[PDB]
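Okay, so here's the structure we're looking at.
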Amino acid sequence: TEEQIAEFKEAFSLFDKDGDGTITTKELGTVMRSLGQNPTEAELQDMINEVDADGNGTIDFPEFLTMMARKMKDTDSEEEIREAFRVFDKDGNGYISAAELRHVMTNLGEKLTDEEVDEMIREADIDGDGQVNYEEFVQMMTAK
Amino acid sequence: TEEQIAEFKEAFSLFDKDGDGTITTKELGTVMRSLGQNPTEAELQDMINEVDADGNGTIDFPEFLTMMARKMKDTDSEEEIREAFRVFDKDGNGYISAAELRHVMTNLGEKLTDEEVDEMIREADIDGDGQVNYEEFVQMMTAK
Amino acid sequence: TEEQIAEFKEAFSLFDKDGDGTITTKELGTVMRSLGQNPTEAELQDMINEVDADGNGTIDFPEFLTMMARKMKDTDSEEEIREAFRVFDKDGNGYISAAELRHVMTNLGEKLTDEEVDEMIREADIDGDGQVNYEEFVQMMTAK
Amino acid sequence: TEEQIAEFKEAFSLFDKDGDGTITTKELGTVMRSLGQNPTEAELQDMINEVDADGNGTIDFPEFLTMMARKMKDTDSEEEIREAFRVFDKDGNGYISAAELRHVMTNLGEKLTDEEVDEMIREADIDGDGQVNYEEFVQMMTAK
Amino acid sequence: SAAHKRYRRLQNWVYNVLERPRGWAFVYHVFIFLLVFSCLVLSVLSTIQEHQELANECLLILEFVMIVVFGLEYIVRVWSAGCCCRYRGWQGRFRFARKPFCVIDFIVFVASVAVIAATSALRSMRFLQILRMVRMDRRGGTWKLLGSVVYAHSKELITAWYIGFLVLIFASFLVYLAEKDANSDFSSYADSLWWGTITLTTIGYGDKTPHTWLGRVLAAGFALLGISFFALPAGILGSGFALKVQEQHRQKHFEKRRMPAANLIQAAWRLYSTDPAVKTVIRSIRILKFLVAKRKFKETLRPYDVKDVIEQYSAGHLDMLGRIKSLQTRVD
Amino acid sequence: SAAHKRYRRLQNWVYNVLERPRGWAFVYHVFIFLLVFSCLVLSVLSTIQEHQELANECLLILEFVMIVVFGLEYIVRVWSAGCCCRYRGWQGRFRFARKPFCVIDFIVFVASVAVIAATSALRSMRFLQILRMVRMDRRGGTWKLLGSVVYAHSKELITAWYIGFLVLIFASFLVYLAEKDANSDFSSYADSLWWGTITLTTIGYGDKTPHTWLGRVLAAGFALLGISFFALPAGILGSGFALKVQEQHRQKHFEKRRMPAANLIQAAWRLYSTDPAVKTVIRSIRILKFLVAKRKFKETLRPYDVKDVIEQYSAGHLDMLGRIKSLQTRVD
Amino acid sequence: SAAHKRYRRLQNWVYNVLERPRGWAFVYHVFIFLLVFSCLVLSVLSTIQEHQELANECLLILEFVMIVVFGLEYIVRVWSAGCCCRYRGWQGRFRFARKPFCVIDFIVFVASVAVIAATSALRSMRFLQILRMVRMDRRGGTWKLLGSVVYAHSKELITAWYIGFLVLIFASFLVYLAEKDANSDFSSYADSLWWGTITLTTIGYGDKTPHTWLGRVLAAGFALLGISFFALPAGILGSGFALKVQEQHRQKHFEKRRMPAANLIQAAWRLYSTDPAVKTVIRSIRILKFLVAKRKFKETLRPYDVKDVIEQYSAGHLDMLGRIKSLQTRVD
Amino acid sequence: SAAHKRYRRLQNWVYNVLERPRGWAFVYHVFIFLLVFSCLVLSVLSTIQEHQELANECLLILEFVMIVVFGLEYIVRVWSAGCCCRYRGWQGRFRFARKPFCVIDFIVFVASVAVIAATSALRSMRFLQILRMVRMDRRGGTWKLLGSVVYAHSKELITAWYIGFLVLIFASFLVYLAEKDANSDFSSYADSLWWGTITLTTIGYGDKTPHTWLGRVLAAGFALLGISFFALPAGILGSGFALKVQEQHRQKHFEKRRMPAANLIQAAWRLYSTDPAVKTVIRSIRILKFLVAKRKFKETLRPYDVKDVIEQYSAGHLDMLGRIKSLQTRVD
Ligand SMILES: [K+]
Ligand SMILES: [K+]
Ligand SMILES: [K+]
Ligand SMILES: [K+]
């Protein structure tokens, strides 16, 4: 669509997140840090090495067909997210409470904004009980 | 319905089984003992603490929507009752005989009346063999 | 039917295989031995004690409704016979060969007639290979 | 069909791969070696002993009905090939890459021609990624 | 009455602390064990003549303490029989005393009074206080476990005993033959048996050793085999103990499920049969009973993979495949 | 005949108690073992010169007892061969005697008669009574289990033997070098080997000890390694014994299933093929056979998770998924 | 700043090498352990009078080395508190020092300075350097594991202790009775207890041995039982150690899953909520985060059959059978 | 050629018997081990002066035997390099010799020739023949297993070492304090350390024993703890050995599956791609290859419950539930 081609216009030079097709790992990291991401050089490198066509940063951006075209609706995603809830869902049955959600989000891993976590507790499941069904959440990411 | 609203009329003050919205745990226990239940104070306390909105006895009786509206037809109930029979159903296949039913009811846990146990042996499964199918019993509680 | 009622006529007195409703375990054993069965007294006793209404030999023959009415088509029978083949079906896949059938029948357990075993190798599965499908055999007993 | 009967014409004398119905194991091995197969005498012997009617090489070629008539579409084949991929499919998910295919084919077991392996990497799955779905391959042998 | 329920509470509590300890309750039994152990130690000291008068004084005082605590133990224990219809009333107390350990408690009591009243009889009575010591484990648990494990692993044990015994018989014979002449330790085959037993168990006192080169070669060679064999039962028993107690823990765990199951089924049937005094009663019983009972049942249901998890697995799967067949025949 | 079936019953019963004991049957073998053990003990006593006349008297009496019980044992055992067509008739009894243990039973019999008739030959014959002792385990079970386990865990065992042997070779050498001069125990490397063997096995007679500080340091350092290594085989064997006997129990358990399976299939086919003398016969055979056979089969089927439960699980699941595919293709 | 991030890197690295070692980090702690061990050895040598002046010289030099490394250890350790908001700032460093091991580190520091400044006080201070030695395991791990296992297998252990103790009490008594008269080792029951302890543990010094035939018979008979029993706790503890550490490894393994799970859910929700600067940002975050996060999560998910695999199995199967019912009721 | 294939057969067979033994192949290595063991024994005998001339004669003869077998061993081994393109040709034989054990084989060869040619050098060369002995395990297996297990169970082992070491340090100190005065064995703390090591390992030489009552009480009390602790590593290692070798067996078992898998896929693709000389060829290859390959694959697939069975289980179940969803959405 319009947004896809518009982003592909920048992607033609920013396959490694830069202005020229190159490895541009450090440039990508600096650009992300300017954007506020502030990534790690090793984190950028591993990622570039994994999904790649040329395998040297200057891939011929087949990720045009990966990012937009892939709806991220892979059943592997649903299974992975279900497993991700499992480690937090002690005894299951939608075990997560919104309190636990905010706790993990704001205290562990990437500490997302408390406002973003509140928006998660609202949009993902408005009920906010200790029995939030996980099928909705995996759909919430995939389809819902 | 009529009975539901009629009981809700008393429930508005007896959310903790009393005449005023309060913790009223001891009052609830004494009232039940007068009714013939004769419960324990610790038993009353744990129960009140578990299912609660205000979490202090003086909940705004959301149990109006719990008790009547919940048909107690949760699949968790069926699974739980099946498991409950399992511990008594040695080798399964409807292993329970009415003799075992009366034995457990009148000798263990809460010793229900022998007449009540006979009514159980009649209503739950009239056959009274050693192969009483458990699907009927879980339906018997849920639907049948 | 005609045969069922005709046999019930003798059964009214031979619930314990005799001429009078009684325990008649020894009489049943002697009668079977005359018939060529030649059973054991302990074998007769255990059997009588198991399936019984009066539980003393002189049961009110509810086995009129057991023997004829029960088509012996219980799924427990099919599962049991499948398991029975399993212990002989090393590596499965219809592992039994007619040679193994005759071997077990004529060398182990009850040594049935070699002619009867040949009739088994014919009627049960005419193919007589090492891959005789067991579903046919459980049907063969139940339905086929 | 025409080819089946034409090959059966030679098979009538080459049930053991020769010009006369006999054990002809060594003759079969020499004939295959002339054909370029170059088999082992023990390999020929075990094979002849397994699938056989007369069980002495000079079988009355029931393999006319085995080879052509059997489409080799047995579900055992599909399961076997799936298991065969499993030992090479570390972590699964179509784990095989064409590189691994060529590696195993040309370095292990029977070292098939690199051209044949390239034809395998083409015909079996044109994609040549690290996620080649195995259902296509088992169909590829069975139906596809 | 408030006095009546205080009576009941103390009744039950002292009953539990005396008969079925758990947690901190073990402190009292530790006290008793240290008391009897101290009596044993003080007797041992009294044997050592060069200082025994102090031992005798302290022993008399300790015997007073024993007499008072044991008598009070008995009385409190018997009184501590008000927790069930089982041992209530005068006749119930009599049956509580007929229980064999209460007997030997009475005998150690009277033995103590005899000792303080007051040489064979004295040695006997003191031996009776040692009888209390061996009575420590009342409900057989150290004995029952040992016997159970020995019986369970009977094959392994008999193999070890047989081969070890036979190695001991022959090694001793050969060494005795080798050293009958030069060595003086091995004067007779009895001596050789003593040496073999001390050697194969790895005690090795060293009072009896081989001296000839042949003797030493034989001793070492047979030592390797034996040493391996006499040490075997300890390993077998250790493994068996671990296994048996694990099994007991699992089994004991399952009865914990038994109570909630009855709770759930009693509540369910009663509440269903019942279905605004009556309506409030049904409301409360529904809500409280189910919310508690289902809960507790659940926390009691999940763990232990072994066979438990796979048994529930198989049960659920069996009805699932049953309905697979049913639904397919219903479709066509 | 009633006499004939009494004959058969006693035949079979004595056969079982002699050849294949179980339960209380072990009491007789305990009697025999105590008899032979008493013979050994009394011989040992007869060696002790200072009192041997009483030993000789009691030994003669014990030999009478042995002679009578062994002869009766032989006769009853051979006669106890009427439970199968296998060892029946005069020729069958001859083949029963050709069985090797019956041979050595005959030799111990004749050895006993020779002893009572009556110094090398006497020592030989008494040794033959000890041969009876070693013959206790007839059907090899103590030997077969030991050999099986040693072979199964061959890798572990060879590691332990190799490293232990090599530590023993080098520690002994180094200590001998350290103490060649001052200490007099270590006069030659042979002595050092003796010391090393006694030390690493933790026997520690103490006749040979290090004296120099260097020697002691080396001895302790190497002791740690060795001590750990020579004790290893006992642990390996204990574990292997437990494992192997567990496997045997499982296997032996499965044949228990074999009989009912035949029962069920014989009954099923015969009854099906049959389907009012004949009708009463079919009725009885149906009812009794199935109600018994199915029952027993079931109580023989359930336990043992290991692989058994999961094998039945997989079998049932395989046809279930087979029909999942079948029903889905049947629908569409 | 580049200097600032060098500061942070060295900060964190030295922190890890000092407080939470892993891999080659153990080399430094090995260095410290050898240092303190050398101090102990050199003190022991200083005790041996016949050569102590060299020991004293080397000990003074070693004490200089200890003083410098320990002081630098302290300073570097405290400074090595810049890896979290936890122990930052002057007040944070103070709380880092309040941590108990930092205390005893300070005491061993001041003890070393006192020793070099400079007989009870000296013995005390040197004992404080030995306190450093016992302080080696900081975070309790050798102690926590031991206590945990002892408590877990309490039943087995108490059985072994009880029966072993009781065998030791009675065997010693009987042997003392047998040998009270002839033997002079067993002059009093205390001596018999000493003998019994040395015998049942298989130490066997041999200073106290039975001499009468009856004594030897009793000693051997009881030896068999005891020897088996005192060796039991070692086997129980070995098994328990293996089991407990296996459990710890499994548990520790599961938290490794915890981080990726948060990664995945944070990335998923953030990216979904977001869905050409912004579009390039979303593109990159989608691609990189998911391709990395899902990957790592997966490699962290699969192993450990135990309960883990069967838990995922059951979860998937539960919704599968749930939908079996759902689809069948949807069809009809 | 027939001579050529005889050459190849003997080539391969001797290669296997020398480098990778299995079954009866071990008899030759047993022969070599007995040869070198006999050399060691005969050297030991040669040390004993009172009879050494016979030892020297037999040793010279044995050295001839060693020289001839070792040289022939070397030549046959190097020639036994015709089973792969790996070590063929003159250059290939050179690389086969560069392999380190072939080196030390050459050195023991030249050491033997030096010994027969002909006191430090002689002792060295004989030591080189002992080097052959230690070279017995070529491919590291006794060493690799030991190191692997020690590393795997590092936690348990360090706990045991730490606590045992610390008990040994303190018990020795306390006993030394108790017996510093009366007893003369404990003259210095070094002596106490020696005593503690000998005691805690249960060697118990008995050269150093406590004498004072306090000393004995302390010794016994600490003995209980220590004795339990020093015996622990043996149990840990035994369990670890069993576990590790079990794991190796499982792993080694899986590669056995690897060959058939390739066989099946090669046959399948080739035969499919092919589909009356050509038709007879395809017929034969189909029939023989599949009937053999599928067969062998199957007999290689079934056993080992552990994770293998449950992995196949999960795989099949995953596509089954996948199609459950698929068929239900296809219906509606
Ligand atoms: K010892
Ligand atoms: K000693
Ligand atoms: K020892
Ligand atoms: K000793």
Side-chain angles (χ1 to χ4, degrees), chain E residues 164 185 194-211 216 219-220 223-224 226-235, chain F residues 164 185 194-211 216 219-220 223-224 226-235, chain G residues 164 185 194-211 216 219-220 223-224 226-235, chain H residues 164 185 194-211 216 219-220 223-224 226-235:
Chain E
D185 294 8
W194 172 237
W195 167 87
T197 304
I198 292 313
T199 298
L200 293 198
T201 54
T202 78
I203 297 168
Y205 285 139
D207 47 348
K208 278 171 171 20
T209 50
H211 286 356
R216 283 175 177 169
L224 301 171
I227 292 323
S228 296
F229 274 118
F230 287 23
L232 204 51
Chain F
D185 294 8
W194 172 237
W195 167 87
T197 304
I198 292 313
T199 298
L200 293 198
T201 54
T202 78
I203 297 168
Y205 285 139
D207 47 348
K208 278 171 171 20
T209 50
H211 286 356
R216 283 175 177 169
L224 301 171
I227 292 324
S228 296
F229 274 118
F230 287 23
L232 204 51
Chain G
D185 294 8
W194 172 237
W195 167 87
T197 304
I198 292 313
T199 298
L200 293 198
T201 54
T202 78
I203 297 168
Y205 285 139
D207 46 348
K208 278 171 171 20
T209 50
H211 286 356
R216 283 175 177 169
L224 301 171
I227 292 323
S228 296
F229 274 118
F230 287 23
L232 204 51
Chain H
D185 294 8
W194 172 237
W195 167 87
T197 304
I198 292 313
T199 298
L200 293 198
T201 54
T202 78
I203 297 168
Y205 285 139
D207 46 348
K208 278 171 171 20
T209 50
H211 286 356
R216 283 175 177 169
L224 301 172
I227 292 323
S228 296
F229 274 118
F230 287 23
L232 204 51

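Each chain gets a letter, A, B and so on, in the order the sequences are listed, and its residues count up from 1. Start at 1 and go down the list; that is how both ligands and their atoms are numbered.
Take a cut-off of 3.4 Å around the K ion (ligand 3): the protein N, O or S atoms inside it are E/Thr202 O, E/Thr202 OG1, F/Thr202 O, F/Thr202 OG1, G/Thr202 O, G/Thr202 OG1, H/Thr202 O, H/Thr202 OG1.
Note: angle at the K ion (ligand 2), from O of G/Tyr205 to O of H/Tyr205, is 70° (rounded to 10 degrees).
Across all non-hydrogen atoms, the minimal contact from H/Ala234 to F/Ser228 is CB-O, 3.8 Å. When all heavy atoms of G/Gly206 and G/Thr209 are compared, the closest pair comes out as O-CG2, 3.9 Å. Heavy-atom minimum distance, E/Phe229 versus E/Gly164: CB-CA, 4.3 Å.
Identified under the salt bridge (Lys or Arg N to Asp or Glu O under 4.0 Å) test for residues 200-209 of chain H, with sequence neighbours left out: H/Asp191-H/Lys208.
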Under 3.5 Å, which donor-acceptor pairs link side chains of residues 196-205 of chain F to any protein atom two or more places apart or in another chain?
residue	atom	partner	partner atom	Å
F/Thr197	OG1	F/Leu193	O	2.9
F/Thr199	OG1	F/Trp195	O	2.9
F/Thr199	OG1	F/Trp195	NE1	3.3
F/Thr199	OG1	H/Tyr205	OH	2.9
F/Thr201	OG1	F/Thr197	O	2.7
F/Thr201	OG1	F/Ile198	O	3.2
F/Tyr205	OH	E/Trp195	NE1	3.1
F/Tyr205	OH	E/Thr199	OG1	3.0

